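What follows is a short report on a single structure.
Protein chains in written order, with PDB author numbering: chain Y, 211 to 262; chain S, 1 to 262; chain AY, 1 to 262; chain AX, 106 to 210; chain T, 1 to 262; chain AZ, 1 to 53.
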């Protein structure tokens, strides 16, 4: 089950640049949306301090 | 995060694989005995929101339900095993299978690799071997150093002519193997195929009887790639690839707008 | 960065290797005893995504599996060792081999190099050497200073006619070397070859007997290049070269589009 | 198979292999029921539609089957107990686990 | 501030070094005896959050840990010492080494510089010097004022033809130095290299024995750069450079959003 | 601004001097007793980031 040795040949990386860029899009938006929850709670706690 | 983001990711993945298949065909536009490949597309599963045919009220059923798709993918790479054009050469040790059949060579591991390439040569011992890595051809054909000319018949009978002897000296008999589904063979590179479960049992025999092709000496089989087809498929794939990039871009702008507003 | 970029790079490199082979043949269109070369292509390994014949569900196996190729490369540069045309010249020191065989010369390092070029001359000491770098021919053939005519027979026997003696006076014998696979010889330049492991053991002998060719005096062997075939091959290899560049151009435009949009 | 011994049910499909070749989860490393042992002589893995696991072995046609995966459904999956790690535990209101070939019933 | 900012910044610097390497290869596309360079990419260390293989409870181990890479960098620039093409020139003072070996010149500081460039000439005193700054070639080869022709043999023996006198006079011997790893030579510009700790001990000897190359008079060694690879590598390097800028821009926009929201 | 900009500038300048030398030889194709000229190329110094050895 071992592979063979190929002279004068190099193995390129298996990264998919298009996949990484799309995953960057999703990660950025979910990162910003979690900040929305923290900001919403921060304004909620601020309103409680002024009211209660 | 958004259904249209994941659906277009599958679309981009399919078109990247489709382009890579085309790029492989155009790379092998001069390889001897290369069979072109075409990617097979199929849609993914459909999410079942509203069931088509579900009974909304008696004597009434949903004529068409709300079924959302999950995108598309490339399910298979089909080797189109149509015959390629013949190249006329002056070499006497290059052969061609006119019709169905595969040459069989002995791999170093011990198994037999099946090849459509006909470019053969001689080793130090005179055994007929492949013109690439030098694998021996099954069955072994050893040309003695008492020969002045090599002739390979249609029925695969390898005969050499001895100096000072008015008689052909038969020194071998090539046998070729056909597969019911040659597209099911596993390409292992070096113009070699290995049998698989879906390929079927190898059926070996004389090259010219029982549906086998004929051995053509001094002739080579060109690749069956159509550069006109590959380029047009290259242009179409590039546009469909850009189609799903716009959908991702629109979804990306939609989420950014919602973050700023909501 | 993109699989189609690497595959097309292999396609571009293979075509450059092919055109460089054709350009070499065209450059040596007037070399004496030159054997043309052809580039042998073969596809590289295939990435195994979906195994052909894999048991996708019971009683069913994948007919065609998703296998992506890695491109192609020139696996070998095969020397076409076919006999060339004979040139008739008034020189008495240029010989030709009618059939299989190689002239053997003494290299500066001491080894024996095999040449099909028959353009020979004499040095100051009268030894028969090549008209190139002056490598003496094995075995040494020395022409006495009293010789008025030099004749080389079919069997390679070198004899001269001396002023004051009927019948030729033998001065040496020529032996030529054959190989089971001359395509395995190593080209070391200056129309010389060296034996390799794939070429086989050298086998000497008198010319004319036991398969060896005959020494033809006042005759030269032209290069076996067919410029008509060479010119057509360059046009074909140029087209395939531009086929792969369009894929690199397409991929680059694809990556540029994603950067601008995504 | 949870460390305590009970069976946890997951919708996460990210799997890998341990040192011994058994199919496990890509996270904490729990094995998958039934155990699927991938031999070290395999060159590729194909998982069938009905959960049949096969491996391609060089020198052999007709890829060798090494195991059969089964999946569990519930009448009320919303009644499961989320214990984290993308794992659910059966409960009283979840219903009896129904196990079989992945694609029938 | 953010791990992605540092990881992507390393990628930007790596591509810039690679592009700077490509530009130098294309700049020296016509330099005689120039060897192309290739940038070797390697990843940085990996931050170990969760240990891969650490035991997650008993009879269970983490099959894959949470390991984050620190980016990438260009660790080395490799000199690809593959032989270039041979330029056929009419000048008698430009020689080329065919195979391994380097010429030896005298640096002003006293050390010996090694050059594959063969374009030589004479200075006022008749010493055979380089065609650039005029450094003498070791060992000294002083051409006598009475010479009418200069011949350099395959074994590096240099001879001249004095007027009237026969039996051409020997004026000196050319010796070429070989290194076990010529890629370890430090390039000091001016088509010169210097021996280093990794290059190996300088192996001096006759040009044509002991594995050394042979001197080819009236011949030059063109640069071995492949313009096809340089331009395609520039295409890939430019895109990956743009890819890393997208991450930094995304991180910049993410931190701007946090500052306004949090 | 960028290392490749300066490297390619030298390459552009080197080929301009080479093309100028060739164009001069073509101009003096009828000048009696003229000796042609050839440009000799050499690489510039190397920046030592990591010592090879």
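Ideal Cβ positions, reconstructed from N, Cα and C, are used throughout, including at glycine.
From the options, pick the residue whose C-alpha is nearest to that of residue i; which is it?
i	options	result
residue 143 (chain S)	S:171, S:108, S:60	S:171
residue 138 (chain S)	S:76, S:145, S:128	S:128
residue 43 (chain AY)	S:206, S:99, S:47, S:21	S:21
residue 77 (chain T)	T:84, T:24, T:66, T:71	T:24
residue 154 (chain AX)	AY:47, AY:181, AY:60	AY:60
residue 109 (chain T)	T:152, T:194, T:231	T:194
residue 256 (chain AY)	T:238, T:258, T:261	T:238
residue 117 (chain S)	S:71, S:244, S:176	S:176
residue 190 (chain S)	AY:74, AY:234, AY:217, AY:12	AY:74
residue 242 (chain S)	AY:236, AY:259, AY:243	AY:259
residue 198 (chain S)	S:206, S:186, S:204	S:186
Taking the alpha helix (DSSP H) that residue i belongs to, which residues open and close that run?
i	result
residue 257 (chain T)	227-261
residue 80 (chain S)	Here residue 80 (chain S) belongs to no alpha helix (DSSP H), and DSSP marks it neither H nor E.
residue 5 (chain S)	3-27
For residue i and residue j, I'd like the C-alpha separation in whole angstroms.
i	j	result
residue 140 (chain AY)	residue 147 (chain S)	30 Å
residue 210 (chain AY)	residue 107 (chain AY)	27 Å
residue 174 (chain S)	residue 96 (chain S)	12 Å
residue 136 (chain AY)	residue 119 (chain AY)	12 Å
residue 83 (chain AY)	residue 208 (chain S)	32 Å
residue 105 (chain AY)	residue 219 (chain T)	23 Å
residue 10 (chain T)	residue 226 (chain Y)	19 Å
residue 150 (chain AY)	residue 168 (chain T)	29 Å
residue 58 (chain AY)	residue 161 (chain AX)	16 Å
residue 49 (chain S)	residue 101 (chain S)	51 Å
residue 45 (chain AZ)	residue 7 (chain AZ)	11 Å
residue 53 (chain S)	residue 64 (chain T)	46 Å
residue 254 (chain T)	residue 254 (chain S)	16 Å
residue 37 (chain S)	residue 201 (chain S)	23 Å
residue 248 (chain AY)	residue 156 (chain S)	43 Å
residue 33 (chain T)	residue 111 (chain T)	21 Å
residue 224 (chain S)	residue 31 (chain S)	10 Å
With 9 Å set as the bound, which would you pick, yes or no: does the beta-carbon of residue i sit closer than that to a beta-carbon of chain T?
i	result
residue 16 (chain AY)	yes
residue 246 (chain AY)	no
residue 4 (chain AZ)	yes
residue 171 (chain AX)	no
What is the residue span of the beta strand (DSSP E) that residue i lies within?
i	result
residue 173 (chain AY)	169-173
residue 220 (chain S)	219-221
residue 157 (chain S)	157-162
residue 129 (chain T)	128-130
residue 152 (chain T)	147-152
residue 95 (chain AY)	95-98
Identify every residue that forms a DSSP beta bridge with residue i.
i	result
residue 207 (chain T)	T:209
residue 73 (chain S)	S:42
residue 87 (chain AY)	AY:220
residue 114 (chain AY)	AY:104, AY:193
residue 48 (chain T)	T:67
residue 122 (chain T)	T:128
I'd like to know if residue i contacts chain AX, where contact means its C-beta is closer than 9 Å to some C-beta of that chain.
i	result
residue 242 (chain AY)	no
residue 111 (chain S)	yes
residue 55 (chain AY)	yes
residue 199 (chain S)	yes
Indicate whether at least one CB of chain AY lies closer than 9 Å to the CB of residue i.
i	result
residue 188 (chain S)	yes
residue 30 (chain S)	yes
residue 106 (chain S)	no
residue 154 (chain T)	yes
Check whether chain AZ comes within 9 Å of residue i, counting only Cβ atoms and requiring the distance to be less than that.
i	result
residue 119 (chain T)	yes
Would residue i pass as an interface residue toward chain S - the criterion being a Cβ-Cβ separation below 9 Å?
i	result
residue 215 (chain Y)	no
residue 230 (chain Y)	no
residue 168 (chain AX)	yes
At the 9 Å Cβ level, is residue i part of the contact set with chain Y, yes or no?
i	result
residue 44 (chain S)	no
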